[PDB]
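We begin with a single chain expressed as structure tokens, specifically the form deposited in one PDB entry.
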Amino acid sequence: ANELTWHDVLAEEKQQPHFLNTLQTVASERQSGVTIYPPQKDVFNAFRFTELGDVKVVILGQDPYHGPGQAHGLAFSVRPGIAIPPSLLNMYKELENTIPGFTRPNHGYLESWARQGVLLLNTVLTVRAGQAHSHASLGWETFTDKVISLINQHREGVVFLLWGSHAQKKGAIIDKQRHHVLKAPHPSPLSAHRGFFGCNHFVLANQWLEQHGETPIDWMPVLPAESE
């Protein structure tokens, strides 16, 4: 497939009602004082780090971290000066019981992940504060719905790490004769203990990449950049 940038593919979408009437729901409450995660400039951050073309894997969570300084737009990632929260911890656990000689990192910044076709995504792009979901009745599920579709429509043989019931629907529109699709109960300490922990998404994905010529994913995160 030709080189189609999200700019290309999102367009119309951007320029659409349902969506617009979701930014509005958004802009608004942030405006009523109410603290919302993540700041607006971070909202689509994902699409920023990993472009549709370079899309190799898709991790689909659904509503960001409702903590202060947590959420930065990368489905499950945090910036460097932040402490790995339950969810990532658990990820890591899996990145322990399954990968070779993997030792969690001492950070929760998954930029590297992203830079390697990993579509660290969520269904609900924004959220109240310390209040789960609390924002799942707007055009959020509708946006992401298309996002997948677009992905689907395009780029062949993609593994969809679909974590949680919610994430599991809004991704179960994918033609499997053409894409790979896995199911794991949310990593979150509220659900992890139901199968997440046991799933093999990581390897099981690095396999799919293997057998189609695709370079596996370095699940070992890194905090680069240094100079005088």
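Residues that one form lacks are left out of the comparison. Take the two forms, find the largest set of C-alpha atoms that superpose within 1.5 Å, and that set is the rigid core. Residue numbers run from 1 along the displayed sequence.
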Looking at the deposited entry, does 206-214 or 16-24 carry the larger mean Cα B-factor?
206-214
Once you work out the mean C-alpha B-factor for both 63-71 and 50-58 from the entry, which is higher?
63-71
Residue, from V78, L89, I148, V158, that the PDB entry assigns the highest Cα B-factor
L89
Among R194, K41, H201, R178, which residue carries the highest C-alpha B-factor recorded in the PDB entry?
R194
Within this chain's modelled residues, let me know which third the CA B factor of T126 belongs to: lowest, middle or highest.
middle
Sorting by Cα B-factor within the chain, modelled residues only, which third would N97 end up in: lowest, middle or highest?
lowest
Using the temperature factors of the C-alpha atoms in this entry, rank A172 within its chain: lowest, middle or highest third.
middle
Grab the CA temperature factor for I36 from the record and place it in the lowest, middle or highest third of its chain.
middle
Report the third (lowest, middle or highest) to which the CA temperature factor of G139 belongs, ranking only the modelled residues of the same chain.
highest
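If you look for the form deposited in another entry, you will not find it shown, but the lines that follow are about it.
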Core-fitted Cα difference of 2 Å or more between the shown form and the other one, single residue among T103, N106, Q131, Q153
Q131
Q24: after superposing the rigid core, is there a C-alpha shift of 2 Å or more between the shown form and the other one?
yes
Can you list, in sequence order, the runs of 3 or more consecutive shared residues with C-alpha shifts of 2 Å or more between the shown form and the other one on the rigid core?
24-32, 128-132, 224-226
